[PDB]
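**Student:** Just the first chains of my complex for now:
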Amino acid sequence: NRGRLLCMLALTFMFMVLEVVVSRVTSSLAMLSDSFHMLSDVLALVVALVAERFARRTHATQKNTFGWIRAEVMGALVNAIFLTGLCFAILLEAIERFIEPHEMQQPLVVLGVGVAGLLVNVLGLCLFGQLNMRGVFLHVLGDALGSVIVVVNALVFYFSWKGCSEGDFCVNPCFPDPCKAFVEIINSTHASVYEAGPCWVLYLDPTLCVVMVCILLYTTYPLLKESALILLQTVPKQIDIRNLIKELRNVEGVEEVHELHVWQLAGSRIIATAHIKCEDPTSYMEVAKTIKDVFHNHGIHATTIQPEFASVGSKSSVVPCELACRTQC
C-alpha cells in the first residue's frame, strides 16, 4: 500500500522537525547533527514508494514487453543494499568510540528525544508488493534498535558518570581531556577539589552499536539473497529441471528436448521455453497440449514449445536443431 509508506514518511519528517527544534532550543550544535542523519531513513521510504507506482503498470508497453512487473523485486534489492552498506558505516563509526570516546554532555535531553524517536519507530514498525514490505520493515527495525541503544545508554549515563565538578577546572584521567589537561599542565596553581567517575560505562555504547550491526546484517541477508537470485534468471526453488526433462521425454510423440530455459519473472509468474522434436507433423496439436499439461503440473504456466520437424536424413545434428543460424547465437 502507498498509504502506509506515506504515513510513515510523514512521521519521520515530523520527528526530524522535532529534533531540529530541540537542537536549537538547547543551543547544542552537537545534536543538530542527527537531523541530518535521518535523511538516510527517509531515502529507504522514498525508494520503496517509487517502486509502488511501478509494479502496477503491469501492461505490455513498447518499452518493456513484460511490463514493469519486476520493479517490485528490484526495489527490495536497492533497499537491502543501502541498509547493508549503511550498516557497515555504523560498524566503522563504532570503532571511533573505542579510540577517542566522546561525552554525552546533556543526558536528560538525549533521553527525551531518544524516547520520542523510539516511540515513533515502534509505531513505524507496528504499521507493517511482497519484498518491499520486507525491504522497509528491516529498515525501520534498524533505527528502532538504534533508539533502544540511545535509551539504555543515556539511562545509565546520568546514573553512573561523574565528570568535571568544580566549574571548568578539574582533571579527567579517563580520556585525553583537551582543555582540562592543557590549562592544568600549563598552569600549576594547586586548585580546588576534583573527582573521577567510572569508565566501564564510557564504552557502554559502541558495544551496543556492534550488537545492533550484527543483528541487522543477519536479518537482512536472506532478503538480499532472494532478490539477487530472482534477478539472475535462476530457476526458482520449487522446480527441479531434471524432473521436467525426464517428464518431457516420457511423453509420447517426442524424442529430444533442446534448450530448456526456465526462470522467474516476479513472485510467481514463472516462464518456460523449450524447443522439442516431434516426429509426425500432423498430430502436433495433441502433443503440444500434452506438453502444456506436463508443464502446468509443475507450477510453470507461461510456456513456449517450438516443435522442430525432422527433414530427410537430418537426425544427426543437434547443434542445428534442424533450425539454427550459422555460428553465434
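**Tutor:** Looks like it arrived, so ask away. Numbers count the residues shown, from 1 in each chain, chains lettered A, B, ... in the order given.

**Student:** Can you show me the helices along chain A?
**Tutor:** When secondary structure is read from DSSP state H, chain A shows helices at A:2-25, A:43-50, A:71-99, A:107-126, A:132-155, A:180-185, A:206-231, A:241-250, A:284-296.

**Student:** So which of the ones you listed is the most surrounded?
**Tutor:** Of all the helices of chain A, helix A:132-155 carries the top mean neighbour count, a mean of 20, counting by mean count of other C-beta atoms under 10 Å. Quick note: C-beta positions are derived from backbone N, CA and C, even for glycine.

**Student:** tell me the angle of that one relative to helix A:43-50?
**Tutor:** Put simply, helix A:132-155 runs at 160 degrees to helix A:43-50, going by axes from the mean of the first three to the mean of the last three C-alpha atoms, to 10 degrees.

**Student:** ok, residues contacting helix A:132-155?
**Tutor:** Outside helix A:132-155, the residues that touch it by C-beta atoms under 8 Å, 6 or more residues apart in numbering are A:5, A:8, A:41, A:44-45, A:48, A:51-52, A:72, A:75-76, A:78-80, A:83, A:87, A:104, A:107, A:110-111, A:114-115, A:117-118, A:121-122, A:124-125, A:128, A:204-205, A:208-209, A:212, A:215-216, A:219-220, A:223.

**Student:** how about 6 Å then?
**Tutor:** Residues outside helix A:132-155 that contact it (C-beta atoms under 6 Å, 6 or more residues apart in numbering): A:41, A:44, A:48, A:75-76, A:79-80, A:83, A:107, A:110-111, A:114-115, A:117-118, A:121, A:124-125, A:128, A:205, A:208, A:212, A:216, A:219-220, A:223.

**Student:** could the helices of chain A go into a markdown table alongside distance to residue A:313?
**Tutor:** Formatted as a markdown table, the helices of chain A follow (distance: least, C-beta to C-beta, whole Å):
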| stretch | distance to residue A:313 |
| --- | --- |
| helix A:2-25 | 63 |
| helix A:43-50 | 58 |
| helix A:71-99 | 48 |
| helix A:107-126 | 70 |
| helix A:132-155 | 56 |
| helix A:180-185 | 96 |
| helix A:206-231 | 44 |
| helix A:241-250 | 23 |
| helix A:284-296 | 21 |
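
**Student:** which stretch among those comes nearest residue A:200?
**Tutor:** In this view, the helices of chain A are compared for proximity to residue A:200 by C-beta to C-beta, and helix A:206-231 is the closest at 11.0 Å.

**Student:** then chain B, please:
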Amino acid sequence: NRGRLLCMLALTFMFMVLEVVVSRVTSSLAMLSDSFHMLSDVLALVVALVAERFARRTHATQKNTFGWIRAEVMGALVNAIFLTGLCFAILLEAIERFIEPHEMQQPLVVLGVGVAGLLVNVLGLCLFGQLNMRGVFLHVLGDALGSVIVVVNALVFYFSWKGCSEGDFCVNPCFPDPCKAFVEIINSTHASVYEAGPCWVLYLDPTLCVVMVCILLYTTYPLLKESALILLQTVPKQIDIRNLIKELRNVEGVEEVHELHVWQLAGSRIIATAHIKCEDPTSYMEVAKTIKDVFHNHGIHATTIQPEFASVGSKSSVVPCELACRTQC
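**Tutor:** So that you can see how it sits with the rest, here is chain B on the chains above:
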C-alpha cells in the same frame, strides 16, 4: 581481467599500511581515522572481483539454466549503488564543515600522504566484463578527485592560515575556539601577543567536496541507468517492437502474432519468444525458417516461435491462443 583488480587491490592495501605507519609515527590519532576509511575503497574492488569468477561459468547448470552470464551486469549495479550511496555521505559530511569547521593541524604531513595517495590512484586509474570496468573506474576516479582536493587544500593552508602563535594562549576569533576561549575568559591576565589569520581559506575544502560530489553523481548515473534497465527485462535500445510485429505479419503463411516477449540477457545475447498462428500444418518448417530469418535481421538470435495450429471453428478467441490454461497464467 582478474590481474588488474588484483594489482589494484594490492596497491590500496599498500597505501593503507603506509597511512597507519604515518599516523603512528607522527602520534596524531586524528589521522588514523582514514586508514579505516579506505576499507570503503577495497570493497568496490572485492565485489567486482567476485563478479569476475562468475561471468565465466557460462554453462547451463541445474541451478540456473542460462548460467551466470548475468552476474557481470549485476556486479556493476551493486557498485554503482554503493558509490552513489557513499557519495551522498560525503555531501552530508561536507555540511559539517560549514557549521563547525575543524583545523588541519599538521599540513606538511597531510600534503605528504595526500600526494602519495594521489599518485597511487593515478596509477589505479591509468591501469584501466564491460560494465565492471566502468563500475570500478568510476570508483577510483572518486578517490582520485578526493586526493586532488587534499593537495589543493593542504597546499594553500600552510601558505595562508596563521592560527595560535604564542604557545597555547591566544584568541581564535574565526571559530568557537574550545580551550582558548574557555581559559581566556575564565582568567583575565592581560597576556602576551596574539594574531588572527584569514577565514576565506577555512572553508576552501567543503566547497571542493561539494564539487567532487556533483562530479561523481553525474559520471555514475548513466551506468546505473543501463544496469537497472538490463535487469528489468526491458527491450534493448536497438530493437523496435512495432517493426518486428509489422514484419512478422508481413511474412506469408501467418496471420496473428500472440505474446511477443523480447529482452536482453547480458551484453548482446538477446532472446525472443513468440507464439504465432500458421494456417496449413504441413508447410510449417518453411514458415519457421522465414520467421527465424526475420528475427536474425534485427540483432535477435535466440528465438522460440511456437505455432498454434487452428482447429475447426476456433478462429474467434485470442485469449485461448487455441492453446491456454484456464484463467491465471
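
**Student:** try the contacts of helix A:132-155 again now we have chain B.
**Tutor:** Contacting residues not belonging to helix A:132-155 are listed as A:41, A:44, A:48, A:75-76, A:79-80, A:83, A:107, A:110-111, A:114-115, A:117-118, A:121, A:124-125, A:128, A:205, A:208, A:212, A:216, A:219-220, A:223 [C-beta atoms under 6 Å, 6 or more residues apart in numbering or on different chains].

**Student:** The residues you listed also near chain B: which ones?
**Tutor:** Cross-checking the contacts of helix A:132-155 against chain B (C-beta under 6 Å from any C-beta of the partner chain) gives no overlapping residues.

**Student:** Now for the one residue in the stretch 151-300 of chain A that gets nearest to chain B: which residues touch it?
**Tutor:** Minimum separation of the stretch 151-300 of chain A from chain B (C-beta to the nearest C-beta) falls at residue A:179, amounting to 3.6 Å. Applying C-beta under 6 Å, 6+ apart, we find residue A:179 in contact with B:179, B:182.

**Student:** How about residue A:68?
**Tutor:** Residue A:68 touches A:54, A:57, counting by C-beta under 6 Å, 6+ apart.

**Student:** and if we set it to 7 Å?
**Tutor:** If you count contacts by C-beta atoms under 7 Å, 6 or more residues apart in numbering or on different chains, residue A:68 has them with A:54-55, A:57, B:232.

**Student:** how close does the residue most central in space within chain A sit to residue B:81?
**Tutor:** With distances taken as C-alpha atoms, centre = their mean, residue A:80 lies nearest the centre of chain A, 1.7 Å away. Noted for residue A:80: a distance of 10 Å to residue B:81, by C-beta to C-beta, to the nearest Å.

**Student:** same deal with residue A:320?
**Tutor:** With distances taken as C-beta to C-beta, residue A:320 is found 43 Å from residue B:81.

**Student:** are any of the contacts of residue A:68 buried, and which?
**Tutor:** With neighbours counted using 16 or more other C-beta atoms under 10 Å in any protein chain shown, the contacts of residue A:68 contain these buried positions: A:54-55, B:232.

**Student:** wait, which of these is closest to residue B:289?
**Tutor:** Relative to residue B:289, the closest of these is residue B:232; by C-beta to C-beta it sits at 32.5 Å.

**Student:** Please name the nearest non-neighbouring residue to that closest one.
**Tutor:** Once flanking residues are discounted, residue B:232 sits nearest to residue A:70: 5.3 Å by C-beta to C-beta, 6 or more residues apart in numbering or on different chains.

**Student:** So what's the residue count around that neighbour?
**Tutor:** Burial of residue A:70, expressed as a neighbour count using other C-beta atoms under 10 Å in any protein chain shown, amounts to 25.
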